[PDB]
Structure formats: structure tokens, C-alpha cells
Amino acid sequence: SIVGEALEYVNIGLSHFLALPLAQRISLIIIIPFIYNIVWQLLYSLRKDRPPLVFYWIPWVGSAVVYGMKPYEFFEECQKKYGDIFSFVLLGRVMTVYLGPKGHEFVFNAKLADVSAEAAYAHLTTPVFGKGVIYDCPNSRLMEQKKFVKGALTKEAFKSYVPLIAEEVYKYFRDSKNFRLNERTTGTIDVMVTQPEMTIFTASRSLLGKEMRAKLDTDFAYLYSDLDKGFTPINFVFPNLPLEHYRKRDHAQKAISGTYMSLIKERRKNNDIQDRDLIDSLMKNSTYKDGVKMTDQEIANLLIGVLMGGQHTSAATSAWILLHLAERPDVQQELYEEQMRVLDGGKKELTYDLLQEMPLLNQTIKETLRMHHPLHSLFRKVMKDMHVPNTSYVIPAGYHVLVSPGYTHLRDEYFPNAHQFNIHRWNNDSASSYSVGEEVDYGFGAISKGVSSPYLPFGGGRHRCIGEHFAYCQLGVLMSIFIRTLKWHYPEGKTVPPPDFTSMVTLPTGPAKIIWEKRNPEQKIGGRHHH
């Protein structure tokens, strides 16, 4: 028995491999991990304690392209092939999707030790907002921060915000070049241009106050734009690749946080701390339960986080509302009648209380959030091995879980004629969200314990949104004034555009233009201006 000869030929063979043409070796450097990846999947496909894994040809990339461009179609095909639980590789990571209310339950109500949101999100958010807040702190710090922010989002705060938001909308109609209602009776706008502006203007004025709003009338506004461009999906993958807009992002957050800090310190020095805005509120109520106070820098950062949170979700949403109503003059008509009924033909001034008596307007917001969940995919990093009840499936630590209530929003099974815009599906159910059972408190107020609602635009569990009532307040005022003031429709041959799933939120694909017309051509908006 002499296999020794063969053992020699192993060594000889490696040496020959080392000698190969400098190009052929490169080609091997491609084909070998290519083949390994394929064999690996086939091997993986034999495991019974793993959810099925979506096949992919290109290593590391995985299903990035198809998921990135059309995640709901991707999910539907996957669901057809595998059912509700399945995995797919995404830019070096394994994402395990759990579709439907069970998935909502599995991810949003996961134990604190099983999953981490901050491990999923911090490397995008921390550079944008700053240190020590949101996802750059332990979850218990986040919980209290959310408690602090909620303390400025009370009914009394909303009562005070409504005239301020209304004033901003009217000023925008008066002064913005997109409108100029005192000099033009009709015009064309791109809602992806107007809505982000109206959003930052109304959220600035109400949450941050008059000074900070006033700063947006200057080239300081460009910092917000710079900051905004650091809030993009690529920063999930590549958080710190050296380029110009990364530096501009960092500079922006320093500059903006600096401006907030400047105002905070001035207010403290002057004993000018009232109950006007979120800044006042946080200055008065910013101490953790262990007695550590948030620093002025952390307060500033938290303000950035909060304004950024409401910015894209709300802007995308009012864009979609305008776009759906543009081909539904019947709905604009019905909403107008409700406006005339509730505001006494317009001789009642809009208030927060009267907003609560506009069920069809609120249903319109609700239905838009059903058809256009701003965030098509929410993530968590799995921290401990997770057994999927009731299967043999185990989700290993190091995986990520992906939940998508927005996908369920669009399933006929849970919403008949799901692809039809029908505000009347919410008749006698016009509230932003409804807890169908018992409640629980994670630190920022009692919220629904079960997260099995097929409708979940604000998510649930410990990471649940706290801006929902502010968003309804802002969208409410905004659409109330739009409706009473204007009618609008599409250019010929235009209709509702498809979503752009590649950005941070599911905003419409641009340009998304509508034509407005004044209901009262001779109506003038008062106040001083220089145009």
C-alpha cells in the first residue's frame, strides 16, 4: 500500500496551481467562491431547523437588487414559494422575513434579550442625530427619551400647535413660488417639492418654535438639506466611506445641534423657559430615573432625531394623500362638505378639538397610511437564538429579522380590494390606531400588548412610534386647509405614481405633479410680505 505517491502529488498539484497564468488565477478567484456559495445553499437547504433560503447567484449581494427595487413583489413571490417565514441574503447579511400578523407578533413583541433595534439602526442614525440618543444608548435610555418627547406631545400641546401649523400653511400658500395665491388662481406643483417644505416649516414652528422656524428662511436651511442627505439607505451598508456628503452631514449635525444648544443656553440664562415647544419641555423634563440629566448636546441631538422622524414619514404621506385625491374629485367634494359642516361654512376657526370631529378627513389619512406605509421593512438584529413557534425553525444570533406590516396592508385577505383607495372602509373607525386588548408600558406610556393587528402603520412593542398624534395633527391641519382652499387634479394622462422603494421612505416616484385651482379666486391671504 503506497498512497504516499498520491500524497506527493497533492503537494505537486498545489505548486502547479501557484504557477498558473496570472489571469487564470484571477478567474479562479471568481469561480471558486461562486461555486462554494452554490454548494453552500444546497447544503443549507437540507437543514430542517432553518427557514427556507431564497436562492441567489451572486455571493454577498444576495437578493439585494430585487428586494431593493420591489420588496412587496419579492415578498409575494417568496410567500408563494415558501409560506410566511423565509430568509434571503442582503449585502452580506441574512434577513429572515416573517410575513403577516404572526410575523408582527414575532418581531415587534420579541423579548428584549432576543433582538436589538439599535444594533440594526445605530450606524445610520447616530451620525445623523448625534451621540448618546435614540439608538446610541441602551434601550432603557431610549424608553425614557421617548417618555420625555411624549410629554411635549399632549392634547394641550396639540391645541396650541394647530393655529401655528395653520399659520405656516397659509404663509406657504401666500409666499411660496409654488403657489402665491394672492397673485395666481391656478398652477402646477410637484408634490415632492412642496410637501417636504411644508412639512419642515410646520414641524419647525410647532416643535422647535418661532426662532428655529425663522432660521429656515435663510441659507441655514441648506444645512437641513445636507443633514438630510446623510439619511439614506446606503449608510446602512456603508456608514463611513469618505465622501463629500458624509462630511457635509457631520458638519450639518454639528451646526444644527450647535444652533439648538445656543438657544437652549440662552433660554436658561434668561430664565425664559416656558411651555411653548419641545425645547422648553425637554429643558424642563430631561432627567433619567437614575438621576442623570441629559446634556444640552443630547437634548439637541434628540430634537434632530425627532424632527427627522416626523419629516419623511409625514412629507411622504401628505404627498400620497394629494396624489390619491387628485384623481378623486368625489372624495375632495365629500371632504369639502365635511369641512363646511364642522367649521360652520368656514366661520369657525380650526382647533384640535374640531379636527377630532372630521372623521372622513382622518379616514383619508388612515387609508393613505394603509396603502402607503412609509417604512416597508423594519429590522432587528437577532441577539440570541430564536425558536419560531410553532415550527422546528431556529433563527440564529447574527441573523436579522424583518417585519413588514405595510405588505399586509395590501393583502385582500385582510383588506378587501386592498389596491383600491377607499376611505369608507374606515367608516366609524376613524382613529389613528386602536388597541384591541390589554395594554402594557415599556417606559413611555401604556400601549397595546398584542401587535397582531393587520393594520400597523406605527408598528408596536417597545419600539412603537410616539409621533402618531402629532402626525395626525399636522396632516389634519394641512389637508383641512388644502381642501377648503384648493381643488386639484392630474395633468392629462397622469395618474397615481408607483412608490420608490429604494429610499428611506416609500415616497412617490417623481416628478409627481398636480394642478391646483383656487376655490375662491378672489380670496386673499393677509399678513405682510415683500413679494
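The first residue of the shown sequence is 1; numbering continues from there.
Here the stretch with the larger average CA B-factor, out of 152-160 and 232-240, is 232-240.
Across the two stretches, 3-11 and 520-528, the PDB entry reports the greater mean Cα temperature factor for 3-11. Taking only the listed residues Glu77, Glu334, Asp296, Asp441, the entry reports the highest CA temperature factor at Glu77. Per the PDB entry, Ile32 shows the highest C-alpha temperature factor of the residues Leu486, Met479, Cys465, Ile32.
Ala23 sits in the highest third of its chain by CA B factor, as recorded in the PDB entry. When the CA B factors of the chain's modelled residues are split into thirds, the value for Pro359 lands in the lowest one. In the deposited entry, the Cα temperature factor of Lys347 places it in the highest third of its chain's modelled residues. Compared with the other modelled residues of the chain, the Cα B-factor recorded for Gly437 ranks in the highest third. Among the modelled residues of the chain, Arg93 sits in the highest third by CA temperature factor in this PDB entry.
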